[PDB]
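File shown here: work00.cif, holding mmCIF, C-alpha atoms.
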data_data
loop_
_atom_site.group_PDB
_atom_site.id
_atom_site.type_symbol
_atom_site.label_atom_id
_atom_site.label_comp_id
_atom_site.auth_asym_id
_atom_site.auth_seq_id
_atom_site.Cartn_x
_atom_site.Cartn_y
_atom_site.Cartn_z
ATOM 1 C CA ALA A 2 376.594 191.553 182.912
ATOM 2 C CA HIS A 3 374.821 194.034 180.652
ATOM 3 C CA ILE A 4 374.075 197.495 182.048
ATOM 4 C CA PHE A 5 371.129 199.524 180.764
ATOM 5 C CA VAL A 6 370.532 203.181 181.600
ATOM 6 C CA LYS A 7 366.791 203.586 182.090
ATOM 7 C CA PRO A 8 364.533 206.425 183.259
ATOM 8 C CA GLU A 9 362.034 206.296 186.101
ATOM 9 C CA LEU A 10 358.636 206.503 184.441
ATOM 10 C CA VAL A 11 355.863 208.393 186.237
ATOM 11 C CA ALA A 12 352.316 207.852 185.019
ATOM 12 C CA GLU A 13 348.897 209.159 185.981
ATOM 13 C CA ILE A 14 346.119 206.612 185.513
ATOM 14 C CA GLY A 15 343.168 208.332 187.165
ATOM 15 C CA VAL A 16 343.760 207.105 190.715
ATOM 16 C CA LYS A 17 342.886 210.065 192.930
ATOM 17 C CA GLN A 18 342.306 210.608 196.623
ATOM 18 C CA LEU A 19 338.712 209.685 197.390
ATOM 19 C CA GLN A 20 337.094 212.833 198.685
ATOM 20 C CA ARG A 21 333.605 213.868 199.725
ATOM 21 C CA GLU A 22 330.915 215.292 197.447
ATOM 22 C CA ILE A 23 329.455 218.605 198.592
ATOM 23 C CA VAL A 24 325.687 219.111 199.003
ATOM 24 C CA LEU A 25 325.125 221.278 202.099
ATOM 25 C CA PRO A 26 325.807 224.789 200.668
ATOM 26 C CA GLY A 27 322.990 224.514 198.143
ATOM 27 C CA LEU A 28 320.315 223.730 200.724
ATOM 28 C CA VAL A 29 320.867 226.446 203.358
ATOM 29 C CA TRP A 30 319.618 230.033 203.226
ATOM 30 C CA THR A 31 322.713 231.944 202.098
ATOM 31 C CA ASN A 32 323.045 235.740 202.328
ATOM 32 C CA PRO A 33 319.639 237.165 203.176
ATOM 33 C CA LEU A 34 321.815 239.852 204.827
ATOM 34 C CA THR A 35 324.855 241.523 203.289
ATOM 35 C CA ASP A 36 325.625 244.871 204.961
ATOM 36 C CA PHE A 37 327.534 243.519 207.945
ATOM 37 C CA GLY A 38 330.037 246.277 207.407
ATOM 38 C CA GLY A 39 328.124 249.274 208.637
ATOM 39 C CA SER A 40 326.457 247.563 211.591
ATOM 40 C CA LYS A 41 327.961 247.447 215.068
ATOM 41 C CA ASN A 42 329.713 244.212 216.060
ATOM 42 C CA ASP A 43 329.198 242.973 212.480
ATOM 43 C CA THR A 44 325.664 242.238 213.676
ATOM 44 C CA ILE A 45 322.548 242.946 211.634
ATOM 45 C CA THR A 46 319.387 242.674 213.710
ATOM 46 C CA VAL A 47 316.448 241.050 211.942
ATOM 47 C CA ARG A 48 313.020 242.363 212.923
ATOM 48 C CA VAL A 49 310.270 239.760 213.296
ATOM 49 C CA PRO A 50 306.942 241.598 212.875
ATOM 50 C CA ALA A 51 304.074 241.743 215.359
ATOM 51 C CA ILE A 52 300.766 239.903 215.615
ATOM 52 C CA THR A 53 297.733 241.085 217.588
ATOM 53 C CA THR A 54 294.716 239.414 219.145
ATOM 54 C CA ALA A 55 291.075 240.358 218.667
ATOM 55 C CA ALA B 2 343.390 249.496 217.524
ATOM 56 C CA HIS B 3 341.081 251.559 215.323
ATOM 57 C CA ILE B 4 337.567 252.158 216.632
ATOM 58 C CA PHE B 5 334.529 253.112 214.563
ATOM 59 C CA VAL B 6 331.012 254.421 215.152
ATOM 60 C CA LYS B 7 328.492 252.320 213.220
ATOM 61 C CA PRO B 8 324.673 252.182 213.218
ATOM 62 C CA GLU B 9 322.605 249.221 214.291
ATOM 63 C CA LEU B 10 320.929 248.068 211.089
ATOM 64 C CA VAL B 11 317.461 246.515 211.331
ATOM 65 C CA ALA B 12 316.451 244.414 208.336
ATOM 66 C CA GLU B 13 313.452 242.334 207.303
ATOM 67 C CA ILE B 14 314.406 239.031 205.674
ATOM 68 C CA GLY B 15 311.115 237.138 205.742
ATOM 69 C CA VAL B 16 311.268 235.581 209.200
ATOM 70 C CA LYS B 17 307.729 235.692 210.582
ATOM 71 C CA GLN B 18 305.904 234.454 213.638
ATOM 72 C CA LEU B 19 304.399 231.184 212.467
ATOM 73 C CA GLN B 20 300.602 231.224 212.398
ATOM 74 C CA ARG B 21 298.275 228.455 211.308
ATOM 75 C CA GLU B 22 296.072 228.287 208.220
ATOM 76 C CA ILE B 23 292.404 229.302 208.262
ATOM 77 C CA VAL B 24 290.269 226.381 207.079
ATOM 78 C CA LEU B 25 287.184 226.289 209.330
ATOM 79 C CA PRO B 26 285.150 229.223 207.875
ATOM 80 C CA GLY B 27 284.842 227.546 204.493
ATOM 81 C CA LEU B 28 283.442 224.375 206.045
ATOM 82 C CA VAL B 29 280.587 225.727 208.187
ATOM 83 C CA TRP B 30 277.077 226.643 207.063
ATOM 84 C CA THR B 31 277.303 230.433 206.878
ATOM 85 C CA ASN B 32 274.434 232.904 206.545
ATOM 86 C CA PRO B 33 271.336 230.888 205.699
ATOM 87 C CA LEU B 34 269.607 233.681 207.644
ATOM 88 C CA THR B 35 270.505 237.327 207.146
ATOM 89 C CA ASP B 36 267.723 239.737 208.160
ATOM 90 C CA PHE B 37 268.449 239.681 211.878
ATOM 91 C CA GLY B 38 267.718 243.374 211.876
ATOM 92 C CA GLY B 39 264.018 243.540 211.239
ATOM 93 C CA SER B 40 263.245 240.713 213.667
ATOM 94 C CA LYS B 41 262.505 241.040 217.373
ATOM 95 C CA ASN B 42 265.464 240.533 219.718
ATOM 96 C CA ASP B 43 267.870 240.079 216.778
ATOM 97 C CA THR B 44 266.452 236.555 216.534
ATOM 98 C CA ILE B 45 265.021 234.779 213.501
ATOM 99 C CA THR B 46 262.868 231.740 214.154
ATOM 100 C CA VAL B 47 263.469 228.655 212.021
ATOM 101 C CA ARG B 48 260.478 226.384 211.515
ATOM 102 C CA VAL B 49 260.976 222.617 211.468
ATOM 103 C CA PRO B 50 257.982 220.960 209.762
ATOM 104 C CA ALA B 51 255.568 218.562 211.409
ATOM 105 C CA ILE B 52 255.821 214.768 211.477
ATOM 106 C CA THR B 53 252.794 212.520 211.944
ATOM 107 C CA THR B 54 252.269 209.000 213.277
ATOM 108 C CA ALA B 55 249.650 206.449 212.260
#

In C-alpha cells, what does this structure look like?
Amino acid sequence: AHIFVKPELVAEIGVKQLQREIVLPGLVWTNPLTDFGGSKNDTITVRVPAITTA
Amino acid sequence: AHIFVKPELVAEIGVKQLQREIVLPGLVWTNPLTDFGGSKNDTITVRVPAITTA
C-alpha cells in the first residue's frame, strides 16, 4: 500500500547500567609513605619505636 | 635490564607499640603521710582512735 520513509529514533531516558557506589578509598590510610622511588625494592621500611621496662 | 643502587629508607609514620592507659594512680589514696624521713625505720605510725563498750 502506502510506503513511508522513516528514521530509526535513538533516545536516552536515563536508564544506565546499575553500578556500585564507592566507599572504601575514603576510610583507609592512604599515602603515609611516598618516596618509594629511592628505596630498594620499592620498599620503605617503617620503624616502630622502642619501649623499656622499669 | 637497568640496575640501580638505592638506599633503604627508614620512615616514621605513627605506628607505635600499643600500650594501655594509666588510670590507677588517680584513684588511690596518695601521700596522706609524707615525712618518712624524720621517723625511725622510714615508718610513720598511724593512730586509730579508741572505741568503748558499755

Cα RMSD of chain A after least-squares fit onto chain B, all atoms paired in order: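 The root-mean-square deviation of C-alpha positions is 1.4 Å.
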
Atomic distance atom CA of residue 35 of chain A - atom CA of residue 20 of chain B, expressed in Å with one decimal: 27.9 Å

To box segment 14-26 of chain B, take all atoms listed in the file, fit an axis-aligned box, add 5 Å on each side, and give centre and edge lengths in Å to one decimal, as lines of an AutoDock Vina configuration file.
center_x = 299.8
center_y = 232.7
center_z = 209.7
size_x = 39.3
size_y = 22.7
size_z = 18.0

Distance-based interface of chain A with chain B, 12 Å, counting only C-alpha atoms, as a ChimeraX atom specification: /A:30-53

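You will find atom CA of residue 26 of chain B at 18.0 Å from atom CA of residue 54 of chain A.
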
Between atom CA of residue 29 of chain A and atom CA of residue 21 of chain B - distance in Å to one decimal: 24.0 Å
